[PDB]
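A quick write-up on the structure given underneath.
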Amino acid sequence: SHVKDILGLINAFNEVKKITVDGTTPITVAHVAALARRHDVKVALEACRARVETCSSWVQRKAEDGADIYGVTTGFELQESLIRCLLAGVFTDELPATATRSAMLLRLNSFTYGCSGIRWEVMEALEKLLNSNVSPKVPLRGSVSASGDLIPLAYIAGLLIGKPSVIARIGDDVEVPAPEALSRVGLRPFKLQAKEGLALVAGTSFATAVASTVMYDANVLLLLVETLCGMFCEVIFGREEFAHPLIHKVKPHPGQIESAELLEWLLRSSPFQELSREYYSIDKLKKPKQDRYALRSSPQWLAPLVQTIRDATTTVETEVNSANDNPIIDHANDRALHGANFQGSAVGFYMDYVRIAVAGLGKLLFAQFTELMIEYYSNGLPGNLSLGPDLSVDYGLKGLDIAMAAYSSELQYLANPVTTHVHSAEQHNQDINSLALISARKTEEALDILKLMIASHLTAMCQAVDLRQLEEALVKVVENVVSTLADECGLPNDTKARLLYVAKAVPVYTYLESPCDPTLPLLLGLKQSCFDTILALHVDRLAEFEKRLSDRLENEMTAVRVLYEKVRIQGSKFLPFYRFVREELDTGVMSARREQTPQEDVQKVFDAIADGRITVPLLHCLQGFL
Amino acid sequence: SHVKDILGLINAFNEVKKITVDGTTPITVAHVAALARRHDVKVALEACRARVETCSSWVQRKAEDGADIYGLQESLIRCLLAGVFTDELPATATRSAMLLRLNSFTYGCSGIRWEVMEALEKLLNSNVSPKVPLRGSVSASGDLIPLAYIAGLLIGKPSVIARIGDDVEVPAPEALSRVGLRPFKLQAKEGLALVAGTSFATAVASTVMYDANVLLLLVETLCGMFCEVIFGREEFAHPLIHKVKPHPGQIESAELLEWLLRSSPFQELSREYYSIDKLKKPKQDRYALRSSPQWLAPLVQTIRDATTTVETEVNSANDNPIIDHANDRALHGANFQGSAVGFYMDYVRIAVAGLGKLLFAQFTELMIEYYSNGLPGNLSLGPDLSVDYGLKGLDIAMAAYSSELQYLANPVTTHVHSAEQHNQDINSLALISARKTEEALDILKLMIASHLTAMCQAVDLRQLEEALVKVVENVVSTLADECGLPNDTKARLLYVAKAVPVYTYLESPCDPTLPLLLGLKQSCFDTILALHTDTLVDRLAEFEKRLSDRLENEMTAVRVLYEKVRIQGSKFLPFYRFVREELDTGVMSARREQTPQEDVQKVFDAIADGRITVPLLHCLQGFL
Amino acid sequence: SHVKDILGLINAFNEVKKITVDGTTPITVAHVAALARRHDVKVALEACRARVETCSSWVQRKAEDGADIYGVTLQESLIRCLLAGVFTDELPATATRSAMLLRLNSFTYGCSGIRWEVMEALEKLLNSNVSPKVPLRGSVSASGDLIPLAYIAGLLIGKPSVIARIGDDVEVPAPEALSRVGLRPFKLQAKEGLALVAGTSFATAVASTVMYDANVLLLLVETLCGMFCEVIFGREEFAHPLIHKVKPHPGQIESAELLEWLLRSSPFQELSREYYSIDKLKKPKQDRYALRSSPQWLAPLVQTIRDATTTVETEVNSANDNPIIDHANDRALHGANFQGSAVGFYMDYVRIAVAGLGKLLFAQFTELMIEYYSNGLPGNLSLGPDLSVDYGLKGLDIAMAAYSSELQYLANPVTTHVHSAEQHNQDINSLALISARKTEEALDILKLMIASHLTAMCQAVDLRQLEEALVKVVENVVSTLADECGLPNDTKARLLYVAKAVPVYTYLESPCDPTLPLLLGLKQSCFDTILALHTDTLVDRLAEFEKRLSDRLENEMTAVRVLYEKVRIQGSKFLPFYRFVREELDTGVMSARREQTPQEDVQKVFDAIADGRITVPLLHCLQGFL
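Protein chains in written order, with the deposited numbering: chain B, 9 to 55, 58 to 86, 99 to 114, 122 to 567, 578 to 605, 618 to 677; chain A, 9 to 55, 58 to 81, 100 to 114, 122 to 567, 574 to 605, 618 to 677; chain D, 9 to 55, 58 to 83, 100 to 114, 122 to 567, 574 to 605, 618 to 677.
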């Protein structure tokens, strides 16, 4: 199951201490993201040294004898004129330090295969620069990722040779010219030898770097969305039967089988499904017999998205663990091979697909959130998940709802392809080019939006948990009060049962605002039954009932709500999430008596998604799934 | 290799006589496409009839016992006959949908009566199909509206028009009558079982995927032909390059190309070309050839993976509720949600645009003298270029094709509206997306037709080039002797004959401002300098004037003789023999009356109707 | 002419000191950009005050006698639910302050019912450089830019959770910011929440600076087409009035009118005419489409940018909240002026036209880089002479493909992605702010492209001036050497023709290399003259001519070039640009001997475009055009 695979990526991301760069051990997207995000993670380049020096020697010696090799004795001092012409970005905005360090890692890794001809010493400086948090400041734009990420990779090369015009960061604050930065790590500027410039600049390392953190994020956010579909079922009063294994067995898209399996398992002994079953047995024939598509067709919807994100992961890893410059030095057979491994099309095209898949995840979230906000579609929940009880001053999550439309709309726009925009480039030499870095940045942007939408959805769902539990205790108060008052006023066993059915059946949020308002559904249902009881038994005791109802009911309803603001989740697989958001992030049910704005509440959830903390409640939630 | 899988697809498409519909044997996209395109292909529904009737009974008794299970038949059909004829889904698509609908029922999950399945079988084998409006489906509770027309036929709705073969259109009840069928009276769940599936989107997506594999393999193969005609360096396909960047589609396309090019007689010409003036010609090819395997990689992988996905859908139960008769329960889900197909249709449309861009970049190089390594502009033979604009019209059209193709490749799945009283708040739009990918494949066929035509033109021009340089060498060689020029001079003069690209002076070979005379004039001056005399000048002035006695006439002769060889040793011979002999074409010129349209139409039609698979399989004979 | 109108816009941007906010004087996009970018520009709210108070009191009257009017007869609960954004990125201070101006201005029509005192506080915050930190996303611009405008309201009422900037570094909670500028938090009255949050000010603010830049860059691109004509050896005939008279799109007539005028007395068009008169039959009779069809291309772009300007200004000068208080007739009118669709759709269109501008630039730049298309210029505009170590502007060429590609991708529409939002109440919504933001990103790229293009054309001017000088040196050396060796008139005139005819950049790298075009052409003519005059004596003198040529010629080509490194532009209408880039910004002809990277040169041009300095040489260039 892709589920086990993704938990694998998360475990690795958290547990990895050193990244082994040795020309044999595969680097994964977790490793790339870990190096990028956790500064305690160190590169360990393992002396593959033999093959690196053999390649390096071959190239150097062939250059002497005038072998006719491209980018060595051919046009594109020959090496540094190439760096100079490629130092051609503009600061308008820049590639982030995380992407630059990831790129330095991928470049280093590509050299270990012994196909590039770079000197072992250059690799050692790359390793050292990474472990000392030194990285060049790199302009955002300029690459078409075809002869590689030439311009942005020239800033790494520019660092290595001490161009005074390249600015390096050292940690978060220090910014000094490149020669100054090499001084501080005990390095001197390299003087580039044969093919070394081309080896440094002509790779896929920048696109593939952005694509790696993109793909680790996509795997994690994917599993998160899938999981939260289970939570959505619980709060919306869904029918877990949509995830029945036979439905998916007869339409066996692997991602449709696997997501449904996660969901069946997540809901098997759900105490919320218990409540759902009961809700649908009351007024049985007046409520929908099936859920709406955002829940009911989620496994069918998730299927191509799972498969896209998983296959794209394989592709980006293949790229990560590749020699991606040119020529490819085949030293064992004494020849330089002329190809185009720097063409970043594998990554470019899969970035376009992943952005569309991410947009599809966003649309699933939007549709679920929309249902949750509307009383006609939320099976008892109040509009905008407003607690009130005074609705005139509690518009609930309305602002978050409007934002969810804004998020989804911009996200769908972003998912148009970049790879359809190929220009005939570089004096028409690069007449196909992958635009992979550009596509990877757009997909990254799309993930930024998905994270916002996940944060909002989880927040709304936590709010829905509270509202559902509050509903269960509120109904019990109404049932108790109606029951005991019926005793006091000495009403018949016909009238009692009839009035208790009403107490059980009316959705409490329809009259929470003013429980004894004669125009609201509680007293309407009660009036109806009172008339029915009269004709069936054919009064003083009834009229005293109605009076004694506006003595006890409202006060006892307030009392219980007030208690709650100062349970079924405990038995739910989603407890870890609820506990995380309520306890660990220090939040509570949203209302006019809670000072914090939606911003303050969702910011906490968003930050937790952004920094990886969300993976703890997620891993807890899924414990035991096999 | 995906290459062998695609060959297997083509073989199965060609061979199959009967499609086994049995609930166990997979239907592939080759079968769907064969049913659609070859009317001698018949459906054979195998009496799975047991589980079909069990399921049917379970539903039919839960109705007589008056149980209450959610999921009157004619009212569902009536509200869904809601399309409009502006345009329509073609008979090939409708018949494909009928097959997939038929197949969906075999798993015994749907509850439709067996006799309805028999009726579908009969209608398919009788070439009866309803006329179906093009639009209306969001492919979520299925392709409701379009599938409603098949159900409308089965119940003999008079407003539903049915085709019988290519010429006969009759109202539904008359079409049923003509095949010995009577209108059905639908039973419990049967209306829903007929309408609530993914069969139309999946039908289009099947013919789209079959076509995508064939055109993919064709484009990959023709990259080798491109190498041959452009004077490429075959070394871009070397297995090691691709072993160290091991995307499966990169390895596998390079593999085919290494093999296609290994003993190539054009590669031999290419080598001799880069040996002459070696250090004044490009060391590497441009990206449209040299990075073709890297480019092809994601396209091969996308088209292969999408094929798996669409075939899974072909072989699914995709209505609702799903009847679990064994466990006495109707299961409420949404297998009618076409999202697996929808998403992959968007992806394939992007891959198809990528194949188109590869073709456009290659064709562009071939038209431009600066990038074509000796070939004339527009692949114009002339010799008189003022009245021969060659393939310029096809060049312009290739930009037209690529531009529209790139536009088509924007996604459909990003346009999800909250639909049907907000019940279908997610919906796949699979049929719409599949239609756009189909439209994108139509344009790619145009681009392939054009590209292959242009390469056959280039084969002719390369063969003519070799024979023309030989004439020039002989004329220079023999005249040198006859004028009594020294061996110094003769050899210098012959080098020029060898080295100057013939298409740069073919127009007027003895023109003193054109590259042949220019090269000979500089060589004549260097000879005078190297040997110093008045006699030498006499013989050199004689040599020059006697050039316009013979040269032109002999170049014209060998040309006219060609109009009225290396390709025989090339793996692409079958393609060239197919386009030239079988289709009846020739080297394009002002002297050949046929328009580019006439030539390219022939190639296009052969691609359209699958005849092109014959030279393709021939070409790949022996590849493992 | 739109040219005068755009010149008016720039003059206004430059010379404005106070923005009159009075409810009758139109605010133009120049005024908005002036306010955003020039902090010395102050808002002057001119007491208009009378109608504001009438409206204010009407609303407060109804609040007093308890009338009941939807939308008017609470505020802090509206603001609270709308503070629902998340910091991921933020709307920049320049956008926020522009939004504050537009919101202030909207109130001046007396239709909003906001208190004059709130207005004066807006003016004061503006003039004191206070603005809220506003999250980037959340608006669908339909019931207004609700979420982002809530942060302005949150500042005004002193919400602690609302962080305010004061100038560039200072960030303080909202109460502190108000206190630093001598204001106190407001208690919002009836209808004031809505007045503040329910408008189009954010989208229209971004759109205003977008339209000012679109106008300026448009004129700049139009003007630089003439510069392109000069350096590429174009035929100015393409701009002839009769061509455009018979196809009279207003933007086609006016762009061509400008270009005809820029090129009328061009000293470069003189070199061009001379160039085509030598070997007339071997050189193209017409320019390629990026020049020859530039008027037809620019036409829809001119017209889009101008009509879009009108629309955006109409919106700047509007009351755009709801309900519309018609105090005069004792009514509140219920509509939807907060629906940002006028701006949303026109932002989509302007983004497409900007993409069309970028494509024009990309195609021009492409021609310029390729010797086959550049009529004498070296590939990549490489000076060399040693081209093996001088790849010239190849980096910038690659960057231009990257720029154009991402730009075309951005130009897909946002308005096609309308979701059914806010409980399906906002079932149409404009997405205006999202679209404006994408058009702004498109303009960022266009700025990059213009910077590169202008830098390339300055390089080309230098190469053209050197070319004229080099050919003169060659002619002189050949003319003098022919004399010194006593060559006949026949020989001398053939040899001098070759000197004039052969493009100097094809042999500059090694002028006496016998396989390069100078010697090739000389050898050819020498054979022709030996035949025409037919002797042992002539051959003697031709050999001595050749040996003296390889002693002297190169030394004298180097000298003139080295001197050039340490004229026709002086007569050119583009002198201001050239002088601006070379002297003002301190740059020089690009080569292996100039230390500054392409980055450092282009940064300087881009910075001048980005901060407005480029309008000086632009306005200088256009002096006299009426």
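The C-beta atom is built at its ideal place from N, Cα and C for all residues, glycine as well.
Contact list for residue i against chain A, beta-carbon separation under 8 Å
{"i": "D/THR574", "result": "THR574, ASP575 and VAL578"}
C-beta neighbour in chain D for residue i, strict 9 Å
{"i": "B/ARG198", "result": "no"}
{"i": "A/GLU585", "result": "yes"}
{"i": "B/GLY412", "result": "yes"}
{"i": "B/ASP202", "result": "no"}
Residue-chain proximity (residue i, chain B), Cβ-Cβ < 9 Å
{"i": "D/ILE265", "result": "no"}
{"i": "D/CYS107", "result": "yes"}
{"i": "D/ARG170", "result": "yes"}
{"i": "A/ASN458", "result": "yes"}
C-beta neighbour in chain A for residue i, strict 9 Å
{"i": "B/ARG136", "result": "no"}
{"i": "D/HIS567", "result": "yes"}
{"i": "D/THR548", "result": "yes"}
Cβ-based burial, residue i [other Cβ within 10 Å; buried from 16]
{"i": "B/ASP495", "result": "buried"}
{"i": "residue 614 of chain D", "result": "Any structural detail on residue 614 of chain D is unavailable, because chain D resumes at 618 straight after 605."}
{"i": "B/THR32", "result": "exposed"}
{"i": "D/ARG497", "result": "buried"}
{"i": "A/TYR442", "result": "exposed"}
{"i": "A/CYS65", "result": "buried"}
{"i": "B/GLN397", "result": "buried"}
Span of the beta strand (DSSP E) around residue i
{"i": "A/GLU204", "result": "203-206"}
{"i": "A/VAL349", "result": "No beta strand (DSSP E) holds A/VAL349; the alpha helix (DSSP H) holding it covers 327-349."}
{"i": "D/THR83", "result": "Neither: D/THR83 is in no beta strand (DSSP E) and is coded neither H nor E."}
Whole-angstrom C-beta distance between residue j and residue i, which should lie under 8 Å
{"i": "D/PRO544", "j": "D/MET596", "result": "6 Å"}
Amino acids of chain D, ordered along the chain, whose beta-carbon sits closer than 8 Å to that of residue i
{"i": "A/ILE563", "result": "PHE560, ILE563 and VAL578"}
{"i": "A/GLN557", "result": "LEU553, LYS556, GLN557 and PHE560"}
Enclosing alpha helix (DSSP H) for residue i [first to last residue]
{"i": "A/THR237", "result": "234-265"}
{"i": "B/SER485", "result": "465-517"}
{"i": "A/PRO300", "result": "300-310"}
Chain B residues whose Cβ lies nearer than 9 Å to that of residue i
{"i": "D/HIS39", "result": "Those within 9 Å of D/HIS39 in chain B number zero; the least Cβ separation is about 25 Å."}
Interface residues of chain A facing residue i [CB-CB closer than 7 Å]
{"i": "D/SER453", "result": "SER453"}
{"i": "B/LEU366", "result": "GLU270, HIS273, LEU275 and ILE276"}
Contacts of residue i in chain B (Cβ-Cβ under 7 Å)
{"i": "D/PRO649", "result": "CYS107, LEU109 and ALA110"}
Neighbouring residues, chain D, relative to residue i (Cβ below 7 Å)
{"i": "A/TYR442", "result": "Per Cβ cutoff of 7 Å: no residues; A/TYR442 is ~10 Å from chain D at best."}
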